[PDB]
Each structure stands twice: as C-alpha cells, then as structure tokens.
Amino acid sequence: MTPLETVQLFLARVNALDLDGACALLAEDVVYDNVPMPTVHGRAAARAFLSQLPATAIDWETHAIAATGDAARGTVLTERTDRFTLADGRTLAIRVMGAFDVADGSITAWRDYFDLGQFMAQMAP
C-alpha cells in the first residue's frame, strides 16, 4: 500500500465504525499529536483516546487528500470535517486538517490541527 492508500484505508475503517482495524494501521509506537492537546504515544493509547468519546455514528468527511514522498514512504495531508454522534444525542462536526507520516503501510505519526475552543464549545451540553 502506498502512503495515500494506507490513510484512505484508515479513514474508511473509522467511517466503517471499525476503530480496532483503523488503529491496526498505526505503528505500535505511533506519535498521535492533536496539536492543542496532550500528545498520545502508542497504538493502544491512540485507540483509547478514540473511544473516550462514545460515538454511535461517525462520519469523517475527506474534502481533500494528497501525499508527499513515493510509493513506500511519505506524508499524507488531509482536509476533513470529523462528524460524530454520541450516545446522548450530542452531534459534533470538527473541522480539522491532519498530516500522517507513513512507512510501508504503517502510520508512524499523525498530527491533527484544529481549534480546541471550538471543539470544547461543541461538547458543551
């Protein structure tokens, strides 16, 4: 898989509500950097972060995706709106751009860029 294909597969698996399978594509020691939040290290901790918000529906819209590098290694840039519905009916739509470093079909780092104030406002009941 190319870097681009790896990230497309990651995002598809998230959108298929398959968070385990999505996180399998993250390196065991992935650096997961939500830029305005504390950094998460490792696959297991990334998987835990992704389930801190209990969602019943998830739709991460990819507006644009493009990669640097070559067929084996590169950085994939994404422009997204991450939509989700929580158990309680809270609906969120977080505008975010993300950079994913990929080597040989594994995401070694994931850096997401968004405004935390907006995220918090949307989480407010």
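The numbering used is simple: start at 1 and walk along the sequence shown.
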Segment of higher mean CA temperature factor, 71-79 or 87-95: 87-95
23-31 versus 53-61 - greater average Cα B-factor per the deposited record: 53-61
Residue, from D101, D115, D112, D104, that the PDB entry assigns the highest Cα B-factor: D104
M123, C-alpha B-factor rank within chain (lowest, middle or highest third): highest
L4 by Cα B-factor - lowest, middle or highest third of the modelled chain: middle
